[PDB]
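Given as structure tokens, the chain that follows is alone and in the form solved without its partner chain.
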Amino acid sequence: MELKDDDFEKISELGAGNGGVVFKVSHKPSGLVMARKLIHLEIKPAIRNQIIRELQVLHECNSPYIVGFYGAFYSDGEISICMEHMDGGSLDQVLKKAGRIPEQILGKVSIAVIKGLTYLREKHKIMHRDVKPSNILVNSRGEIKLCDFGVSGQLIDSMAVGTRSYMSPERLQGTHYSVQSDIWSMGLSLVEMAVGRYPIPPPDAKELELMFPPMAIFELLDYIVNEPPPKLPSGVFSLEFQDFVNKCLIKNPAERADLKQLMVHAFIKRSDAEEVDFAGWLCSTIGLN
């Protein structure tokens, strides 16, 4: 069934960020509750049809680790992507209320991100391009899914930053990047969620004891690019987890681990075995179920 602007009714606003605003909406004809992302674009009707056309592959992006797609269309200077509503929100939100996310939980998250990337790569030859906590969504059934990945080449073009980057050193330095760059983003996202704040610059020994001005644009980019990468602090995290992120955060992208390797890493094998009530933990910390 086709989706269009007049068949929807706004319920509330889920949030917004840099180029997009997303609403919790009701699709009257079906009764379904959806998340409707609007992207304001001043663009000609030709490239619009290409964006809509390119977004149609979302209909075949079906995975427990990928946010579901309902449909896409254009309204009035807005492109609409309608998707599964995740009632847990994004991980940056849960991080706020949580303060820190337990390592065992991050184990489950890691599994989901890896399987999601792998799915998009193996089944669709798509790289994420934008892995970070707000693009990892969760729900009360304890599912962890990716969204906001680069299916439409043209949409990317029509949008081409913030005061904190999850971009790899190679992507910051030029055009010489690819799927490896997503690994870095994941690594950086996992520290931070683990620690309780964007891990650049790294905390002083005093800042560590407490847990257990904002940096200027160039100073932050220059750090990412030229300073040793961030590490999990010792003692408070398993050696396994430490190695896992160290492998994700190698500056040289060819030496950096790939999805293949990460999938059979000690930390993952260990997390696979662990029985974790994610649904329960999520609802307790953000007060839902």
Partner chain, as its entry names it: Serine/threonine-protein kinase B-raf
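Residues that one form lacks are left out of the comparison. Positions refer to the first chain, counted from 1. Just so we're on the same page, rigid core means the largest C-alpha set that superposes within 1.5 Å between forms.
What comes next is about the form solved in complex with its partner chain, which does not appear here.
- Residues of just one listed stretch (138-146, 80-88, 171-179, 102-110) have heavy atoms within 4.5 Å of its partner chain in the entry with it bound: 171-179.
- Proximity of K231, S238 and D258 to its partner chain in the entry with it bound is absent: no residue of the three has a non-hydrogen atom within 4.5 angstroms.
- Contact between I52 and its partner chain in the entry with it bound is not found at the 4.5 Å heavy atom cutoff.
- In the entry with it bound, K115 stays away from its partner chain, with no heavy atom inside 4.5 Å.
- By the criterion of a heavy atom within 4.5 Å, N62 is excluded from the residues contacting its partner chain in the entry with it bound.
- Its partner chain in the entry with it bound comes within 4.5 Å of a heavy atom belonging to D157.
- In sequence order, 204-206, 216-219 are the runs of at least 3 residues present in both forms whose Cα atoms shift by 2 Å or more between this form and the one not shown once the core is superposed.
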